[PDB]
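Here the structure comes first, spelled out in structure tokens, and everything after it is commentary.
Residue numbers start from 1 in every chain, and the chains themselves are labelled A, B, ... in the order their sequence lines are given, proteins ahead of strands.
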Amino acid sequence: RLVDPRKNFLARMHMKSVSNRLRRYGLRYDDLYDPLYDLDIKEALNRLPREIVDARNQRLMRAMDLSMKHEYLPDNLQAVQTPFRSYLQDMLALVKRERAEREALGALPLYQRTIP
Amino acid sequence: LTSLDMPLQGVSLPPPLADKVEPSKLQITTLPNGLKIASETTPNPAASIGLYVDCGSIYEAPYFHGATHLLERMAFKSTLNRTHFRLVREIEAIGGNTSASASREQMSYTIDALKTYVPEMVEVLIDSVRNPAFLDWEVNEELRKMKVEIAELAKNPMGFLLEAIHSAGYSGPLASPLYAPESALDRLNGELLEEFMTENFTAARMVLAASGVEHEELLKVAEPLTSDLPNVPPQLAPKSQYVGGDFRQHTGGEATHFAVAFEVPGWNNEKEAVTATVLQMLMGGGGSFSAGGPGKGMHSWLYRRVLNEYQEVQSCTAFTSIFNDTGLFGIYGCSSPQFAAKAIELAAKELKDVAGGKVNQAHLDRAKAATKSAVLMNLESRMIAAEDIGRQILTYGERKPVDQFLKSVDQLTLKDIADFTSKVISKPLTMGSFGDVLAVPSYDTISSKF
Amino acid sequence: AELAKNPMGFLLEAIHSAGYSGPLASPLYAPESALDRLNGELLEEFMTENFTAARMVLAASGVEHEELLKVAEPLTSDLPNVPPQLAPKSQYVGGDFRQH
Amino acid sequence: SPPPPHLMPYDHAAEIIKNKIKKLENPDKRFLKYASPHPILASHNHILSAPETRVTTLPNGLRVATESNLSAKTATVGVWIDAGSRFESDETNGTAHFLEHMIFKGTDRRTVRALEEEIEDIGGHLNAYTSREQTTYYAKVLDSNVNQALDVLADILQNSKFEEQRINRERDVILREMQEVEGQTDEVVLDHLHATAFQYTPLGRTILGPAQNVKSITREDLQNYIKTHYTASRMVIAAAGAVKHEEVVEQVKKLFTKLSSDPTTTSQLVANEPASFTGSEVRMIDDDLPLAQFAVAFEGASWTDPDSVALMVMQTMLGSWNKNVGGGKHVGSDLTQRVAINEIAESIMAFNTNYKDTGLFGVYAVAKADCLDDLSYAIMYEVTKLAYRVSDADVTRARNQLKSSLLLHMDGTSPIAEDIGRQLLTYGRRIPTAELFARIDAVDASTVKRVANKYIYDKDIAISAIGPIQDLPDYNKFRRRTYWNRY
Amino acid sequence: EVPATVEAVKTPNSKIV
Ligand SMILES: [Zn+2]
């Protein structure tokens with residue numbers, strides 16, 4: 001695929017830019033996934049262990065504090081950041097698979113979004 | 001269509017069954033890993049297939065308190081091969097029903113459906129017990145519904161007292177509660193359940209009993225799904241020691257309850273088990289909370305004495321809980337919060353009365369007939385037949401015929417009843433009361449009555 | 001409810017009822033079933049038949065006897081003289097408490 | 001350098017959960033060979049074989065029906081009578097229940113103690129049950145004591161004494177029973193549902209009757225009741241288990257000689273006093289009860305109506321559930337799915353009650369006060385949906401479940417004898433399993449839609465509720481939720 | 001005596017006015 005960093009150098013530049021932008025705030029890419037965006041994310045987040053969600057929330061608070069202060073992380077802290085270490089994607093995919101299996105057999109959804 | 005009082009036209013009617021059908025013979029196949037598969041062919045179009053494991057709360061000690069009942073609630077959930085949703089849908093596609101039971105020394109998993117769906121039943125049952133996924137959200141949900149199942153326990157005085165006197169009557173593994181405290185549940189999780197199940201669920205500790213299927217088909221479906229299981233050498237169940245004890249939770253208010261129990265032989269020792277069952281029938285009794293249907297125990301010693309000579313009694317009967325190497329025979333009771341001392345006096349006097357020999361032959365024959373009809377009638381049910389096969393092959397490995405039990409019942413004299421009851425009440429008693437215990441006498445005073 | 005949090009006092013209460021028989025085994029801390037029945041009239045009946053003058057002592061440290069009597073006598077002299085009742089008798093018997 | 005992905009505690013937990021998920025990503029196909037989540041209509045008329053049910057009619061119209069299993073060690077023998085509270089009058093109401101209390105109270109040959117001692121000397125059981133349209137007395141005994149049990153039943157039916165002191169004692173027992181109509185709220189809710197739905201018809205009366213009737217009960221009342229209703233053409237003797245048809249027929253011919261032979265016939269009784277449905281409700285508001293219980297019902301179908309089978313399929317489609325069921329969120333029933341997924345009830349149960357000329361089809365639910373509005377919406381939505389959208393998978397699954405439950409519940413001599421007696425009273429015959437299965441599989445999605453449009457769509461409802469029910473929707477809202485205005 | 005609501009709950013009435 002063209003989105004493969006190993007095969008495509010444009011994807012390599014894209015991944016480098018995204019990683020650098022994430023590292024300035026100490027954010028993981030999975031931290032950008034908001035429960036309010038879809039009920040599948042909300043369900044996947046509810047299925048995760050507590051310490052992971054607490055770490056996510058702490059990173060979110062740190063990033064918000066940095067953004068409000070017009071500041072970036074110190075370089076010593078930036079060196080230890082792992083912007084693309086995942087904690088959410090596999091659980092999200094599992095929740096999607098379970099949702100699709102429910103839909104295929106004619107069952108009601110386990111959760112639905114509120115009509116605004 | 002046509003009204004149901006007129007036969008439907010064009011229906012293919014199967015030929016009728018004979019009015020006398022030769023019973024089938026249990027076939028017991030043992031796999032090299034030690035797993036035993038048993039089945040009996042049955043004329044009715046229903047199949048009952050179960051898996052029975054010699055695990056229970058007597059293996060929770062010391063670090064798995066509550067694991068057995070959690071595993072009971074976690075039955076037929078998500079496997080490594082199928083989601084909970086898919087498994088419920090497969091069970092419902094063939095009109096099946098599942099059930100799991102947890103005891104101190106046994107667990108079972110059963111599925112019931114028409115006999116044409118045997119491969120699906122066997123496949124779903126083994127996937128369930130061999131491959132639990134133990135997902136954390138599913139465990140947490142079953143743990144919330146465990147809190148309710150344990151809080152509503154106070155609403156069943158008989159059950160509450162029964163567990164309480166099991167706790168207060170033994171010291172070792174048998175004293176471990178079958179309904180763990182709330183503190184004991186904030187430690188349980190999926191990893192604990194997996195570690196517990198892997199340790200105890202071995203092939204040589206498991207029986208696949210299927211009532212209502214040909215042995216060839218059951219073997220063809222079950223052999224490829226259980227042989228992989230490794231050979232684990234046969235350990236020994238731990239020993240429990242019967243002691244005395246008192247259980248007392250003074251809640252106050254009204255409607256006291258009690259249970260005085262004594263020790264009896266276990267399922268091993270096959271002449272005295274019967275003496276305990278016939279004794280339980282002899283004392284008999286009833287719930288005293290509802291009526292309807294003669295012959296349920298209205299003319300036993302307990303009923304005819306208490307409920308027909310002393311009013312204001314809410315419950316009075318006898319119970320029994322026999323294990324492999326020990327048992328508990330006792331008498332329940334409700335009475336009134338200040339009538340409690342008189343109630344315990346009545347119960348103790350009744351035990352003493354049958355101990356001395358104050359029971360005539362008419363009552364002995366009555367209780368003997370009640371025992372025989374209770375055992376023969378309870379085998380009318382396909383479920384009970386399958387469960388009995390599984391439990392007996394787990395315990396003895398043979399499925400002893402009912403005829404031997406029937407002769408032991410009909411070899412009981414008054415001298416036997418007398419010597420057994422004398423032996424039973426010469427040992428420490430287990431007292432348990434629940435409700436308003438302030439007026440309830442002490443342990444020493446009740447112990448001095450016998 | 002906030003009594004099990006102190007094992008000392010909880011055990012000290014429990015072993016009073018587990019060791020004595022009779023009145024001294026009556027809890028000082030009643031269960032949350034006798035409380036739903038407690039009301040002002042039940043407390044007024046309890047006090048009228050128990051708070052009698054012969055069972056009462058008025059003790060003062062830091063006061064002169066004269067004006068203390070001067071104030072106290074008009075407020076207590078009209079209490080009826082009731083006979084002394086015998087103390088309810090308790091029996092130590094020994095026993096065992098337990099709760100898991 | 002960043003930490004490796006097991007140093008930080010949260011990274012390690014993420015790795016563990018990811019590994020578990022990858023474990024679930026690859027299933028094992030040996031365990032995925034036979035079971036399917038898709039329901040298939042299956043024809044298995046081979047396993048459907050059963051022992052023959054012999055039915056013999058005596059010259060006086062008495063019917064003897066036996067199902068022989070000579071391998072059995074036990075048997076169930078009894079009498080099923082086309083009699084109950086529906087066939088009494090307003091001033092006789094309650095007499096059948098009084099007779100049920102009085103029937104084991106002694107005969108000319110036997111006294112109360114003799115009768116109990118005879119029975120429990122053989123280890124037998126004696127059962128008496130009376131309903132609105134059916135009455136049954138039966139004995140569960142060992143194979144040897146079939147003749148003795150038949151003698152016991154014939155004696156109690158034909159030669160009961162009804163002592164005046166026994167009558168007076170039972171009078172106070174029943175009066176206390178009436179004064180203690182509590183603790184069984186399901187039964188109370190259904191009684192009030194019958195009373196309001198079948199207003200001013202014999203079907204609306206309770207089995208117990210009014211207190212003045214039981215106070216007025218005398219010997220001649222009971223004797224007149226037995227003379228009027230316990231007639232040969234209204235009685236079926238049913239036996240299952242280790243019994244031979246011929247011996248039972250001979251014993252019945254010997255013992256059941258002094259019956260009534262009154263010309264009163266059940267079809268005429270139903271004709272001149274028919275039962276009709278009245279859209280209506282009774283609300284028993286009691287805000288001290290912790291849980292609310294209510295039933296909503298439509299007018300159903302009689303026993304012999306062909307639509308009764310479709311109503312059974314529809315009842316299976318709605319289903320039943322309580323909080324202790326493991327997989328309510330995953331079942332085929334959409335109503336059960338909604339209730340279990342949103343935790344809006346303690347229990348839910350669809351019922352299909354049949355009578356000789358009418359029926360009741362509805363839902364019974366137990367829930368907390370604050371769940372009632374959503375629960376009522378869900379119940380009405382899923383019931384009304386049957387008139388609009390029915391999937392082939394749902395009706396196929398319900399057909400399979402109904403066939404399975406009908407065959408699986410039929411285990412033991414007592415359920416078989418009860419099935420024989422009930423079918424002989426309601427259908428005039430024991431419907432063979434193959435015919436019943438053929439009728440069931442004739443219920444497709446279009447059949448369910450047609451039946452729902454006949455019985456549910458834009459139809460009056462009967463409601464009976466008790467408890468903290470101030471937030472239960474009123475009659476107009478339930479009545480409006482019986483149709484969909486988007487169609 | 002028994003209040004009217006208790007009697008109504010305890011005695012279903014098919015002759016409702
Ligand atoms: Zn009754």
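Annotation: residues 190-213 of chain D contacts chain E through D/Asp191, D/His192, D/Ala195, D/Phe198, D/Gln199, D/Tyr200, D/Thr201, D/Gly204, D/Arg205, D/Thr206 [non-hydrogen atoms, separation under 4.5 Å].
At least one side-chain heavy atom of D/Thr482 sits less than 4.5 Å from a side-chain heavy atom of D/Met380. Side-chain contact between D/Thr218 and D/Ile167 is absent, with no heavy atoms from C-beta onward closer than 4.5 Å. Taking 4.5 Å as the limit, some side-chain heavy atom of D/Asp460 sits within range of a side-chain heavy atom of D/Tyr475.
Looking at D/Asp286, there are no atoms closer than 4.5 Å to chain E (heavy atoms on both sides), in backbone or side chain. With a 4.5 angstrom heavy-atom cutoff, D/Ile285 does not touch chain E via any of its atoms.
For D/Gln134, the side-chain contact (heavy atoms from CB on, under 4.5 Å) partners are D/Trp80, D/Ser131, D/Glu418, D/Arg422, D/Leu425, not counting sequence neighbours. Legend: residues meeting salt bridge (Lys or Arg N to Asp or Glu O under 4.0 Å) with D/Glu133, ordered by chain and number and at least two apart, are D/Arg86.
When each of D/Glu182, D/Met178, D/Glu180, D/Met284 is scored by its heavy-atom pairs under 4.5 Å with chain E, the top score falls to D/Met284.
Sorted by first and then second residue, the salt bridge (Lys or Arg N to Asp or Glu O under 4.0 Å) pairs with a member in residues 292-302 of chain D form an empty list; sequence neighbours excluded.
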Check your understanding: When you look at D/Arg479 and D/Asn476, which way does the side-chain hydrogen bond (donor to acceptor under 3.5 Å, both in side chains) test go after all the steps?
Key -> CA-CA 5 Å; D/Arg479 183 64 178 80; D/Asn476 277 327; over 6 Å; no
